[PDB]
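**Student:** Sharing data36.cif, mmCIF, C-alpha atoms:
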```cif
data_target
loop_
_atom_site.label_atom_id
_atom_site.label_comp_id
_atom_site.auth_asym_id
_atom_site.auth_seq_id
_atom_site.Cartn_x
_atom_site.Cartn_y
_atom_site.Cartn_z
CA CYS A 1 94.57 -247.20 32.52
CA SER A 2 93.13 -245.29 29.54
CA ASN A 3 90.20 -247.68 28.95
CA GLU A 4 87.23 -245.38 28.22
CA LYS A 5 85.67 -244.22 31.53
CA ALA A 6 87.49 -240.92 30.94
CA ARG A 7 84.93 -238.06 30.81
CA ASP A 8 82.35 -239.83 28.61
CA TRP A 9 79.34 -241.67 30.06
CA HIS A 10 80.73 -245.05 31.24
CA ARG A 11 79.47 -248.07 29.26
CA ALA A 12 76.89 -248.53 32.04
CA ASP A 13 76.16 -244.79 32.35
CA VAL A 14 74.93 -245.00 28.77
CA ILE A 15 72.66 -248.06 29.03
CA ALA A 16 71.89 -247.76 32.77
CA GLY A 17 71.00 -244.09 32.24
CA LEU A 18 69.06 -244.67 29.01
CA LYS A 19 67.58 -248.03 30.03
CA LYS A 20 66.61 -246.11 33.19
CA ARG A 21 63.41 -245.58 31.23
CA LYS A 22 62.86 -248.46 28.80
CA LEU A 23 65.74 -248.35 26.27
CA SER A 24 68.34 -250.97 25.29
CA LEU A 25 71.04 -250.71 22.57
CA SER A 26 69.48 -253.90 21.12
CA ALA A 27 66.17 -252.03 20.68
CA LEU A 28 67.58 -248.77 19.25
CA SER A 29 69.65 -250.91 16.85
CA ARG A 30 66.82 -252.97 15.30
CA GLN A 31 64.42 -250.00 15.61
CA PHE A 32 66.22 -248.32 12.65
CA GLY A 33 67.66 -251.47 10.97
CA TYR A 34 71.43 -251.23 11.60
CA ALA A 35 72.44 -254.57 13.15
CA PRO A 36 73.40 -254.46 16.86
CA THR A 37 77.11 -254.57 15.91
CA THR A 38 76.86 -251.18 14.14
CA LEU A 39 75.16 -249.38 17.05
CA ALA A 40 77.46 -251.20 19.50
CA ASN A 41 80.84 -250.35 17.92
CA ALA A 42 79.28 -246.90 17.28
CA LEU A 43 80.85 -245.87 20.62
CA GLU A 44 84.42 -245.69 19.16
CA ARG A 45 84.19 -245.39 15.35
CA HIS A 46 83.87 -241.76 14.20
CA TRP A 47 80.16 -241.84 13.29
CA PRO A 48 78.17 -239.12 15.12
CA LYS A 49 75.04 -240.11 13.12
CA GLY A 50 74.79 -243.29 15.22
CA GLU A 51 75.02 -241.16 18.36
CA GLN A 52 72.00 -239.20 17.10
CA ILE A 53 70.05 -242.49 17.22
CA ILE A 54 70.79 -242.88 20.96
CA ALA A 55 70.44 -239.17 21.85
CA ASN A 56 67.27 -239.09 19.74
CA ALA A 57 65.76 -241.45 22.33
CA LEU A 58 66.27 -238.90 25.15
CA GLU A 59 65.20 -236.12 22.75
CA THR A 60 68.53 -234.51 23.77
CA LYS A 61 71.77 -233.80 21.83
CA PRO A 62 74.74 -236.22 21.56
CA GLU A 63 76.78 -233.30 22.97
CA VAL A 64 75.21 -234.27 26.34
CA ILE A 65 76.52 -237.88 26.40
CA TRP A 66 79.97 -236.82 25.04
CA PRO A 67 80.77 -233.39 26.58
CA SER A 68 84.60 -233.38 26.93
CA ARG A 69 84.61 -234.44 23.24
CA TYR A 70 82.90 -231.33 21.76
CA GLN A 71 83.27 -227.61 22.59
CA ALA A 72 80.25 -225.27 22.46
CA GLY A 73 79.68 -227.02 19.10
CA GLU A 74 76.06 -227.25 17.86
#
```
Represent the structure contained in this file as structure tokens.
**Tutor:**
Amino acid sequence: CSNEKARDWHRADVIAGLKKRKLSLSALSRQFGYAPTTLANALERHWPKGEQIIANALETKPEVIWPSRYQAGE
């Protein structure tokens, strides 16, 4: 039913996968300053700079957590 578990990392695939080490959206949020609401709703509002915050934690690219959304893009 639409929802959001399409091709992107499920809501738990994001935190479960990241937190698999020692990360939590509440920590990445206050670590830069943006309140938790910003980072949270950063999963739907067009704002790839907030995705860099999360991907920055895995030292990877946001294109890895949202594949079917980009296309060979950099």
**Student:** Determine, counting all atoms listed in the file, which protein, DNA and RNA residues have an atom within 12 Å of an atom of residue A:62; residues of the same chain fewer than 4 positions away are not included. Present the result as a ChimeraX atom specification.
**Tutor:** /A:8-9,14,43,47-58,66-70,73-74
**Student:** Could you turn the residues from that selection into a file that holds C-alpha atoms, as a PDB file, in the coordinates of the input?
**Tutor:**
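Result file is again.pdb:
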```
ATOM      1  CA  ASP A   8      82.350-239.830  28.610  1.00  0.00           C
ATOM      2  CA  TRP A   9      79.340-241.670  30.060  1.00  0.00           C
ATOM      3  CA  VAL A  14      74.930-245.000  28.770  1.00  0.00           C
ATOM      4  CA  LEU A  43      80.850-245.870  20.620  1.00  0.00           C
ATOM      5  CA  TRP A  47      80.160-241.840  13.290  1.00  0.00           C
ATOM      6  CA  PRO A  48      78.170-239.120  15.120  1.00  0.00           C
ATOM      7  CA  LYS A  49      75.040-240.110  13.120  1.00  0.00           C
ATOM      8  CA  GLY A  50      74.790-243.290  15.220  1.00  0.00           C
ATOM      9  CA  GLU A  51      75.020-241.160  18.360  1.00  0.00           C
ATOM     10  CA  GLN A  52      72.000-239.200  17.100  1.00  0.00           C
ATOM     11  CA  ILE A  53      70.050-242.490  17.220  1.00  0.00           C
ATOM     12  CA  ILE A  54      70.790-242.880  20.960  1.00  0.00           C
ATOM     13  CA  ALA A  55      70.440-239.170  21.850  1.00  0.00           C
ATOM     14  CA  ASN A  56      67.270-239.090  19.740  1.00  0.00           C
ATOM     15  CA  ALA A  57      65.760-241.450  22.330  1.00  0.00           C
ATOM     16  CA  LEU A  58      66.270-238.900  25.150  1.00  0.00           C
ATOM     17  CA  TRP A  66      79.970-236.820  25.040  1.00  0.00           C
ATOM     18  CA  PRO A  67      80.770-233.390  26.580  1.00  0.00           C
ATOM     19  CA  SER A  68      84.600-233.380  26.930  1.00  0.00           C
ATOM     20  CA  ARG A  69      84.610-234.440  23.240  1.00  0.00           C
ATOM     21  CA  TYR A  70      82.900-231.330  21.760  1.00  0.00           C
ATOM     22  CA  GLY A  73      79.680-227.020  19.100  1.00  0.00           C
ATOM     23  CA  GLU A  74      76.060-227.250  17.860  1.00  0.00           C
TER      24      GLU A  74
END
```
**Student:** Expand the PyMOL selection byres ((chain A and resi 27) around 12) into the explicit residue set it covers here, and present it as an NGL selection string.
**Tutor:** :A and (15 or 18-19 or 22-26 or 28-36 or 39-40 or 53-54 or 57)
**Student:** Between atom CA of residue A:21 and atom CA of residue A:45, what distance in Å does the model show, to one decimal?
**Tutor:**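 The value is 26.2 Å.
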**Student:** Between atom CA of residue A:17 and atom CA of residue A:60, what is the spacing in Å?
**Tutor:**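 Computed distance, atom CA of residue A:60 to atom CA of residue A:17, equals 13.0 Å.
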**Student:** State, in Å with one decimal place, the distance from atom CA of residue A:38 to atom CA of residue A:2.
**Tutor:**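 Atom CA of residue A:2 lies at a distance of 23.2 Å from atom CA of residue A:38.
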**Student:** With all atoms listed in the file as the atoms that count, which of A:20, A:11, A:63, A:72 lies nearest to residue A:41?
**Tutor:**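 Of A:20, A:11, A:63, A:72, the one nearest residue A:41 is A:11, counting all atoms listed in the file.
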**Student:** Go ahead and fit an axis-aligned box to every listed atom of stretch 40-51 of chain A plus 3 Å each side, and pass me the centre and edge lengths in Å, one decimal, as lines of an AutoDock Vina configuration file.
**Tutor:**
```
center_x = 79.6
center_y = -245.2
center_z = 16.9
size_x = 15.6
size_y = 18.1
size_z = 13.5
```
